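Next comes just one chain, in C-alpha cells: the form deposited in one PDB entry.
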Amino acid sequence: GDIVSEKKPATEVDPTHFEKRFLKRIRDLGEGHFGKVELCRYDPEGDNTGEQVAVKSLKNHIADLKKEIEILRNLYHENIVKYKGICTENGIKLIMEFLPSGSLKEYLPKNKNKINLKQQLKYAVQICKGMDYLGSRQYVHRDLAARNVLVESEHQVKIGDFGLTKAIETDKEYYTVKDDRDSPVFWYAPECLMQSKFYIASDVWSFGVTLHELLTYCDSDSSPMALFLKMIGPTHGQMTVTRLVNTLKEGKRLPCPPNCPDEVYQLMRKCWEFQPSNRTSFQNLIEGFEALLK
C-alpha cells in the first residue's frame, strides 16, 4: 500500500508559549544569581511591531529557574510583576511583562522632583502588601532591595525578581541557606548573617533597609552598603561580615535619612529589632504608614 502518515490533530495555540526565533534581544535589565534578565521584543511578524517583554535566562541551575517560574506563575497580586509565559528550547526562559520605568534604583534619582514623602510612603505600603502576599503563601524572598522593586507608574510599584525566593516548609519558621557567597549582606538580618537562617521576619529587616533606600531616593552615596562600610571600615575583606554582625550586636543601625520624620524612622527601627520575634510584621507596617498617610 501507500506510505502511511499520522492523522494531524487540531493544533491549538498557547498564548503563554513564546518561540525563541521571535524573541529579539534589545538590552540587559539586570543580572541575577542564576539568571539574567533582558528586554526583548517578541516579534512574530518580523516588522518591529511586536510587544516588549522581560526575558529571564540562565547565565546546571535549570532546576532553580524552573522553580522560580512555577512560583511566579502562581502569584497574582497588583504589587508583584506579572508572569507572561515561557520559551522552551531541556533549556527554558521566563517571560514577564516589561516595566519601562525600570527599578526604583534607576527611577528615584531621576524623579526626585516628582516624588514627595506621601508618594514614598504609598510605595512603602505597596511593597509591604506584595511582601505580605508572598509571606501568606509561605515564601521567603531573601533579596528585597530597591534594585528589585519595579515602577509600574508614578503611583504603582511591583516586586520584580524572585531569583532567591524559597518556600518555608509547613509548620516550620525558616529556610536554611546553603548557597550564600553572593548574599546581599548589607540588607540582611543578624540571624541570616550568623546562622544562615531565613525567616519572614528576615524579609521585614530587608524591607527596613529598602525603606531607607526609598527615603534617600536610592542615591549611591547614601546606599546601605556605602553607609555600613563607613561605619565598619571598607578595608576588612573576608572580615567584613563578622565586623557587620559585631556592629549590629552592639545596637548600631543605619541613621535617620535626611528630611525623614521621626514617626517614619520609628517604623523603620521596628524592622531592625535584633531578635526576629521582636520585629514588626508587614501588616503592622501597612497600618502604621496608612495612619501617617491619613
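Heads up, when I say rigid core I mean the largest set of C-alphas that superpose within 1.5 Å between the two forms. Quick note: we count residues from 1 along the sequence shown, nothing fancier.
Same protein, other form: the form deposited in another entry, not shown, and the subject of what follows.
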{"query": "Displaced position between the shown form and the other one, chosen from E106, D219, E78, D180 (C-alpha, 2 Å or more, rigid core)", "finding": "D180"}
{"query": "Threshold 2 Å Cα movement between the shown form and the other one at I26, rigid core reference", "finding": "yes"}
{"query": "Core superposition between the shown form and the other one, C-alpha change of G237 at least 2 Å", "finding": "yes"}
{"query": "Residue shift check between the shown form and the other one, rigid core fit, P257 Cα at least 2 Å", "finding": "no"}
{"query": "Cα separation of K110 and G32 in the other form versus here, shift of 3 Å or more", "finding": "closer"}
{"query": "Closer or farther in the other form, the Cα atoms of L229 and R181, when the shift from this form is 3 Å or more", "finding": "farther"}
